[PDB]
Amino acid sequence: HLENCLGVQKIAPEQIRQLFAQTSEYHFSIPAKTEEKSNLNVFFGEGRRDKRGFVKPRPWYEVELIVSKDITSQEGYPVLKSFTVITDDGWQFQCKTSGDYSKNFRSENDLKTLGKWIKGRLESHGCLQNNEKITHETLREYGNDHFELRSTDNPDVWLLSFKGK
């Protein structure tokens, strides 16, 4: 679902096999929270309100990963930085950490990009359907409730995993 998305590139399988074969100096297990108006479920939160008073609904694939201080404060974590992310299923796009405490982990220049990777993967495995809330059952049915954020010898390129079963 990410092939035709602007800013997203395809990384060859053999290029992936080598990258993930390296051991990371920094590794993080970012929890997939089940918050209902934030995180994976930003779609169910309030829309964006204009000065006229209209509230425009969020796109279905708009998501964020809010990372706690317990992981943010850890050494090596990209605080308020932009970086390249290479996914375990062979996709590359830009991400940027932002907000207070640099808690907000999002795809860069298109919030939907990270959403299409996460929700798309959930949908593809049949654990989620359009306009449905992501719950503990969704993650249990998928087979994983954490994202793996790993460092690479290049300080501006990270590895990101969300394998199921």
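In case it trips you up, residue 1 is the first one in the sequence shown, and so on.
Mean CA B-factor, 53 to 61 versus 37 to 45: the higher value falls on 53 to 61. Higher mean CA temperature factor between 24 to 32 and 111 to 119: 24 to 32, per the PDB entry. In the deposited entry, the Cα temperature factor of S102 sits in the middle third of values across the chain's modelled residues.
When the modelled residues of the chain are ordered by C-alpha B-factor, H136 sits in the middle third.
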